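# Fold and contact review
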There are 6 protein chains.
Amino acid sequence: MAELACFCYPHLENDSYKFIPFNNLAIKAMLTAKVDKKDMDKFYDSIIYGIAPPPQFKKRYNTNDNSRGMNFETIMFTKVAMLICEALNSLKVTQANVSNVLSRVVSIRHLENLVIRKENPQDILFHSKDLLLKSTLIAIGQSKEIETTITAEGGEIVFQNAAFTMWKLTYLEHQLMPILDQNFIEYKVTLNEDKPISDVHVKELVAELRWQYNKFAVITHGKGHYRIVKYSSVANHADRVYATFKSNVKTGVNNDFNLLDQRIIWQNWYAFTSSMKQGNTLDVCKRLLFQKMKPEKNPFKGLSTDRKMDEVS
Amino acid sequence: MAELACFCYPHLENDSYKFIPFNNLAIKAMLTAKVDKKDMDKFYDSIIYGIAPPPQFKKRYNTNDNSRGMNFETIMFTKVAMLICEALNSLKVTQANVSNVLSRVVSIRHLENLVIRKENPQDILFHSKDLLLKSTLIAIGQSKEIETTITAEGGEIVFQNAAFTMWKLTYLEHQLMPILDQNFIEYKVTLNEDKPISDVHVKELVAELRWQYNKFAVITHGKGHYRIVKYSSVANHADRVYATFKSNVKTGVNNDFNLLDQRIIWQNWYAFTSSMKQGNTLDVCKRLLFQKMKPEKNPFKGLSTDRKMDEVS
Amino acid sequence: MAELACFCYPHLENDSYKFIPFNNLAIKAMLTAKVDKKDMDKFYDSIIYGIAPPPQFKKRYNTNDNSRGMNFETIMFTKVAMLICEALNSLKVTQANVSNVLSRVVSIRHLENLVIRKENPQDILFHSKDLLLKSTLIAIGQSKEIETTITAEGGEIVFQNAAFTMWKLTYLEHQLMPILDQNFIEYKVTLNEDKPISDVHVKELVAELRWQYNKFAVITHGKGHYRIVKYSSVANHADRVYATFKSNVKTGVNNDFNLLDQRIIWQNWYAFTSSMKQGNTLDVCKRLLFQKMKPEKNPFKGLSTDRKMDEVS
Amino acid sequence: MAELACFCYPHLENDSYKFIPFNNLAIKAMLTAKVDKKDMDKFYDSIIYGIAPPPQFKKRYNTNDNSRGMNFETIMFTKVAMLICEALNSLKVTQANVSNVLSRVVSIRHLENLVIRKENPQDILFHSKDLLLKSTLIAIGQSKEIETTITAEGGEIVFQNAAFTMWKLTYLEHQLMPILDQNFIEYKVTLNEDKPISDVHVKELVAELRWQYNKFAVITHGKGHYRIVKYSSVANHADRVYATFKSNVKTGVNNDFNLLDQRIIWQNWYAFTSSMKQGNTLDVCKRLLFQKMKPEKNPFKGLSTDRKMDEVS
Amino acid sequence: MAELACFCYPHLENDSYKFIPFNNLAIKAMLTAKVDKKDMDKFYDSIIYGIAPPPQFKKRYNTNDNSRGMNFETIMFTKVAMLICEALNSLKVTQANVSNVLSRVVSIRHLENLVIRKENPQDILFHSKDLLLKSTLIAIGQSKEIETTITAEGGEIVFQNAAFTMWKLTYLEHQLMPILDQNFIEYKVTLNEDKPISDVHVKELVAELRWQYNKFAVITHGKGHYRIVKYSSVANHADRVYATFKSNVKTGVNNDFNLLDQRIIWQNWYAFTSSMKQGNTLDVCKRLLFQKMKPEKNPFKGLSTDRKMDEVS
Amino acid sequence: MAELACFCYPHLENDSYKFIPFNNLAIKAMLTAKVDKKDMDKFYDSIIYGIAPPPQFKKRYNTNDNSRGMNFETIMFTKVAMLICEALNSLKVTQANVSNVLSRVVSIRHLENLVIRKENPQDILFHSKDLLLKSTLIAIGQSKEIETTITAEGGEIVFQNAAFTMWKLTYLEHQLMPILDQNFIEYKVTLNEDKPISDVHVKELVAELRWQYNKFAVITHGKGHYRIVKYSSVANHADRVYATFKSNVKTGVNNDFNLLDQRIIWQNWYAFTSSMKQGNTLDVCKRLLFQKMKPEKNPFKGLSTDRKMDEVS
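Residues numbered from 1 in each chain as written, not as in the entry; some residues may be left out. Chains lettered and ligands numbered in written order. Part of a larger assembly, values for the part shown. Heavy atoms only, no water.

For this deposition, the record names X-ray crystallography as the technique by which the model was determined and cites 2.95 Å as its resolution.

## Section: the overall build of chain A
Looking only at helices and strands, chain A has 11 helices and 11 strands in total. A compact globule built from 313 residues would reach a C-alpha radius of gyration of about 20 Å, and chain A, at 22 Å, matches this within 12%. Partitioning the contacts of chain A with sequence separation of at least 6, the portion at a separation of at least 24 is 62%. As displayed, chain A has an accessible area near 15800 Å², and 51% of this comes from carbon and sulfur atoms. The average position of the 41 basic charges and that of the 34 acidic charges among the side chains of chain A differ by 6 Å. (Helix = DSSP H or I, 4+ residues; strand = E, 2+ residues; numbered from the N terminus. Rg over C-alpha atoms; globule rule 2.2 N^0.38 Å. Contact = heavy atoms within 4.5 Å. Areas by Shrake-Rupley, 256 points an atom, 1.4 Å probe, with all protein chains shown as cover. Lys, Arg positive; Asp, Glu negative; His and termini not counted. Charge placed at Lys NZ, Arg CZ, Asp CG, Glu CD.)

## What about the interface of chain B and chain D?
Counting residues at the interface gives 14 residues for chain B and 17 residues for chain D. Here chain B and chain D share an interface that buries about 1300 Å² over both sides, 52% of which is from carbon and sulfur atoms. Taken as a group, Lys34(B), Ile47(B) and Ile48(B) account for 48% of the area that chain B buries against chain D, more than any other trio of residues on that side. Between chain B and chain D we count zero salt bridges in total. Linking chain B to chain D there are seven residue pairs in polar contact. Elements supplying a minimum of two residues to the side of chain B that touches chain D: α1 (24-31) and β4 (44-45) of chain B. With three residues, the single largest contributor to the side of chain B that touches chain D is α1(B). (Buried area = accessible area lost by both parts, 1.4 Å probe. Salt bridge = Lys/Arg side-chain N within 4 Å of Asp/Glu carboxyl O. Polar contact = N/O pair within 3.5 Å; in protein donor to acceptor, adjacent residues only side chain to side chain.)

## Considerations on the relation of the copies chain B and chain D
For these two chains of identical sequence, chain B goes onto chain D by a turn of 90 degrees and a shift of 0.0 Å along the axis, with RMSD 0.0 Å. Within this description, the copies of the chain are treated as partners about a four-fold rotation axis. Proximity to the rotation axis, assessed at the C-alpha, singles out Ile75(B) in chain B; its C-alpha lies 18 Å from the axis. (Least-squares fit on C-alpha atoms.)

## Considering the domain arrangement of chain A
Residue and element names in this part refer to chain A. You can read the domains of chain A as domain 1 (1-145) and domain 2 (152-312). Between the C-alpha centres of domain 1 and domain 2 the distance comes to 30 Å. In this complex, domain 1 contributes 21 residues to the contact, which on the side of domain 2 involves 13 residues. Both sides of the domain 1 and domain 2 interface together cover about 1500 Å² of buried area, and 51% of this is carbon and sulfur. Interface area lost by domain 1 to domain 2 is led by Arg109, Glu112 and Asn113, which between them contribute 39%. At the surface where domain 1 touches domain 2, the tally comes to one salt bridge. A salt bridge links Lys144 to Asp256, with the nearest nitrogen and oxygen atoms 3.6 Å apart. Counting across the interface, domain 1 meets domain 2 through nine residue pairs in polar contact. Within the residue set of the side of domain 1 that touches domain 2, elements represented by two or more residues are α2 (75-89) and α4 (108-118). Residue contributions to the side of domain 1 that touches domain 2 peak at eight residues, all from α4. Considering only residue class, the side of domain 1 that touches domain 2 consists of 10 nonpolar, six polar and five charged. (Domains from an automatic or database assignment. Nonpolar A, V, L, I, M, F, W, Y, C, P; charged D, E, K, R; others polar.)

## Regarding the relation of the copies chain A and chain B
For the match of chain A to chain B, the screw axis carries a shift of 0.0 Å, the RMSD comes to 0.0 Å, and the turn is 180 degrees. Accordingly, the operation relating the two chain copies is best matched by a two-fold axis. Closest to the rotation axis within chain A is the C-alpha of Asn214(A), separated from it by 3.8 Å. Looking at the interface residues of chain A, 100% of them are also at the interface in chain B, so both copies use one shared face.

## A short note on the sheet that holds strand β7 (residues 156-160) of chain C
Across a sheet, paired strands are connected by hydrogen bonds in the backbone, their directions being either parallel or antiparallel. Residue and element names in this part refer to chain C. Read from one edge to the other, the open sheet built from five strands follows the order β7-β8-β9-β11-β10, with strand pairing classed as antiparallel. For this open sheet the edge positions go to β7 and β10 (216-219), each flanked by a neighbour on one side alone. Strand-to-strand, the axes of this sheet are offset by a mean angle of 25 degrees, without reference to chain direction. Direction of pairing for strand β8 (residues 164-168) relative to strand β9 (residues 186-191): antiparallel, over a ladder of five bridges. Bridge assignment links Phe164 to a residue of β9, and that residue is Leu191. Lying over the sheet, helix α7 (residues 199-212) contacts β7, β8, β9, β10 and β11 (225-230), oriented at roughly 20 degrees with respect to β8. (Pairing = 2+ DSSP bridges. Axes fitted to C-alpha atoms, helices over the stretch in contact; angles between N-to-C directions.)

## As for the interface of chain A and chain B
Chain A puts 19 residues into the contact, and the matching count from chain B is 19 residues. Of the roughly 1900 Å² buried between chain A and chain B on both sides combined, carbon and sulfur atoms contribute 64%. A per-residue breakdown of the area chain A buries against chain B is headed by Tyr231(A), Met309(A) and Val312(A), which together make up 31% of the total. At the surface where chain A touches chain B, the tally comes to zero salt bridges. Here chain A is connected to chain B by four residue pairs in polar contact. Sorting the residues of the side of chain A that touches chain B by element identifies α7 (199-212) and α11 (303-312) of chain A as the ones contributing at least two each. With four residues, the single largest contributor to the side of chain A that touches chain B is α11(A). Of the residues in the side of chain A that touches chain B, the class split is eight nonpolar, six polar and five charged.

Shown next, in the form of structure tokens:
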């Protein structure tokens, strides 16, 4: 999780801002550099290895005294940086915008997964440059469009339906910036199409979720997909999405939040995010999260039995 | 799963039948031996490596043309054979009985797990020779007593309570006769004491079973413990326990069947075994196993919610 | 052993059905997919990884719960799929035929061996695209022609003559769908030319078979080659070829059966297949297979002595 | 194959000749020693590492310029030497005899196999010191007794009967003096008892020999066991046993030759050894070995069919 | 050491005999082939892997029962075969000659060393195709020219002078047909130029030979180079060169023998080869080889002292 | 090469000085210690790991900044230290003497080789504690006796005679203080007995030396054995033995020098040491070493021929 300015710098050629990747040794030089307090937000000249990121983003890079950043000396750093550049170079970014664009924080893991998609001959992104660009621009946050199956970050498909595709996020196996907590398990459910989903297809998804992923809560962060997370993590997710909601309200940036199908989402999460979306306080929202809520209409009552009896037969 | 006659032979010394283990090379010789059709049930003399098991049990031993038997050339074969001998030698078996005793089929895996217990300094069986003998004699089927926690076969303790202890059966990791199906997962729940168990302690067990082992059916084979098995296996278990029930009825051997706590056992399994115990046919019993049975009183209705909300908090 | 529909799907381009291989991740997605009972025979859209085989052929693919299928994630799967496509694309298959063609069950091992031939610079198939196509179309079952030495599946040549070539089938060493039984040994004897073979050349073949392969039965499945199989397997072969004979009779598909040279074939096998070809029952045929048949004229009486005395000299 | 004087030297203590093993470094020193032509048959004093064998046996030991001897630096050399000493020390050898005894050439491989027997807890020789001594004294050639199953050199039992035990000689796997020709295969058939063997038990042995070992000739070197050798080796065996016969005749040492059961032995071998035993020339004997001899009464005519049909059933 | 017919076969294309290498699997097939006694000298058709060498050269190829031949399945076999073809294809061999040319026995090791030369960018043969051809044609025996330094087989240069170059033959390290005797050490001394060599340069060579290679005899086989061989091998060399001399006399093929500088060659060898060249018998020649010949004029008397004193200083 | 005070310290118990080994961690502590200039010759107290050697011998121990010392952290350090203690403890050293005794410089490699001897069951030193003590006391320099074969330091015996034993010094393979120059080769020739040696036995030794070790000079350092050294080392040896001679003259310590057999020793070395022993200057002695000395009577003229001709035969 870091700024785009961690991967590339802008260069004005042909009266246009083309973005160029960093050499890892330039980053390595900057980390050893003595810079003025008033130059910490300026791009650094390594002399030998070209331009380097602003010294203020020192903590974004893993060193001996830091394991909270990314592994910039890997090959995947260059791949991700190239992906970012390719995407930004298509936008023809104006002089006023370059700073805002680069200061945008994005998911490095999302970008890494997109690299893993684009490089696989089997994946549609390998063949469609347009789909790759759409996918990347969503990840960059320079796109109004929603992440769907076609434009998903990726992972191992663990379930698929007419309406849905479930992915296991393999963040443990990443090169650039993995999850270090070995307990980490998280899935996501992307919609295949935006057109209306049937009751039968929703039933099929909820069936698999209640059977295979019973120890997981079904939530969302307001974009067009579900997040399958351990119940032990929900409280932290709540804090994050509320902080985001709060931040977007204060800064005036888009604050749309798709609560998604109420029959699929976890009751308490839907309550939480509904209160948040109504403009209630963190404590008001959080307190619903922990309430032993009176069981709603299921709304699919015989669903867990069906799969058991199928397995027996 | 094999006869005791696969591990030892009886020898009359000091006017008493002491049972002696087989050398693996004696077994190996017997497998290459040409024997008369009327000597197939007699113990075989290898000459060089001592007495060997009856040729009729050829298929009990793994060869090039057989992977359905045990690995008799391992060290654990000798350990198991020694355990058996030690147990049988304490009984002072009479001349009439020796044949019946040795023809008794027993769980080799059970015996292997008992070896793994007895050899560990941390385990009570290592220190109590009496407890070891009781445990082994249960496994041999030369004991009226019930297998409890103290006398359990063993495995990895995955849950423990005042009333119960849950073990993961590590049959995949065995040396002598492992499970070859890598999908194999099975647990057992042994009672710590026979005295009456509280509602609170039953609730605690059922809670863990509904949370951690939701894709598993809770059954029993009529002894004093629960078996936690995949729903995909229940149908096969049914066949086995019914065949056993049928066999014991025809042969007049003890046919006690403890159905165990109805609140813990899977509804369909309890129905199945109740019909069997009432003397109904296989088909009558089996048909209950597959019925989408109308949900009984839960009988613990808010139990699955409690653990979820705990995890969230 | 699987349908052609396990490797490719048809696509109508340029008013012609060109067959395209499957991506293994598409297959992998289908295996996790929830499909309607009435769509089980339709090709599956994985979205991300292209078209996938019909869900009804799930058991053709090896998973955690299945070791009876093929290893579709290997490189040889793609090679075999490509070979199939190349062959089918030459036929210009019509719209009515595509379903029948793809539903044809074929030997995957045969196809794998053809891949191993075509990729070796030393092998004639590497240089002759025509011979490769003929060979493959025989394996596919879209060819009236007989498998000979030139068009043989392959293996290690263990004996060769003017008339014959003996191959060891290395099915144990395969990647895509090996034989798992490590005891497996089987050879085949393909004819080099169809023109009449001399008594001297037949003698030479029968000599090697009686000397080197004395524990093997010489049979055929009715095509133009001999099969050298363990005597322990003959009974199973009998069942297979009879079932095939029966099936072809009922379905009206070609049911030619070349019994081959009576002097080479095992007496009991020739008796068996002659009875089958005369339209007798399975039991009638099988019973001949097990008869201690009165030794015919040898028909080469001093043959086993000759090779012994040669070896001594 | 070497003299006993290669392993030990005699020492007169307590008015008795006790034989002592050589240290390998003493042997190593002797190999580098400059000795007088008239001291080549005397035991060599290495000074540092004790007594060493006579320099005349230099070629018995493997060096850089010699791979025809034994590996005296191995542990098995010491084991074999100890076995020899133990045996010779029991005989109380007289002063006149010591030279003859030590100059006796013996099979090192035989002795090595006896070591492998005696050190295995499963083997009877491990427990019976008397049987071990008998076995060893046969191998040394200081015993009138015949090698039987009980006193056999050893190897892997590949077949066993009431009357017979077949051993695979694992001379390839030896440490001290292996066979270097990797094609080497040889078995031996020792009698379990000397009392008369039935027709049924002979049939059983001949059955296994015609089935499993069809490419092997059944011979003997005149002691009480059969030798199963490749047909390609028979001519060499003939030379050896004839040379021995010739040598024993000239030197007046015992020249008994047990031709063994005529129904079991290879026709040509029986002819050969019968001519030799009648006092005919090498050429006379050898010529019978190569004759395409008119097939005698089988004398078991349906034997090869029986096992085939059994395998099929 | 084998015939050229072991590596290639002739093919008449464009009214010219171009020679083509063998595929190793064709050779492998031929080794398993049953051929008529009157076809043993004809090239064999493997069908699948192209033409193969005449069956009469079976023993030239290493198998399970043969370690006296070459390793034809190696890559170096193909390299050597290609080298041979390249050379023979330049000669435009006539129809009458092809048989004689191919039946020529040549040093495989020589050819292998030439391959090792030609493939090294540092070696002149890599750049001069003419020099490579000259070198190869000498090795083939289709050239009147003498092997010199420029056209030498190769090896590790251990000494070099204005006049001479000494090579260590690394026959132990070969792939195709190595020396198996690990004691093997042999060097060769090729002349750099044919023009007359000074006394000073001869002195320098003889100095190094007396110092570094004192346990080696300096000989020749009559071509324009010296052979540095262990004194233990000289007797065998004598037999070989005499047999060659004898053979060439009987067959009328060129029988030139360059005795080389008498001051360099070993006294006894010069005597031997002089007697041979005068037409004396093997025994007459050999007897000189073993004579304790009265020391000639040294002819360099203080030479061994000089190098000692240099080393000291 | 270091003082005895590097291995042990004296302790006065029972009114006697018993010498005790150092713990390596005590040495390690001393190396890090800050000591007064006037305590550099006192034994150091490490507190935790006992007494340690005087800080003045710092350079005797290998550190990061020193590869000129010994590897004191090895096991062989303790073994050598123990050997030294065992030897010194037998002498009952007086209070006045302890300092002189411990300040004695000795060959660590000699001591290591004695350890390698004493620990080998095959070696006489393993069994004779008296011989071990004699050997060690010679190495320590607390013995008037001469090093002979029986009491030799050790190594690999490369030649042995009635009179002589040649050892290869394996100083490269040592643990405690090896030779680091990988070119190092040195042998020694110890006398087996002191009684007079024959001309024939001297001839045999000189023969092997002229044949196998022709590039080596035969010298001595004045004790009762020969040293076989490269001619390139002689000049350095000369310096050492002269410096020793000079030192012993100045300090009044024994200065016996056995020049040994003039027929065996290198002419120039004998000249050198004779001049030294006559009391000439270093330059006078050295100049003889480099003189191209007129060849004396050989004194064995046909010796080098004999071995050549033997090798040929």
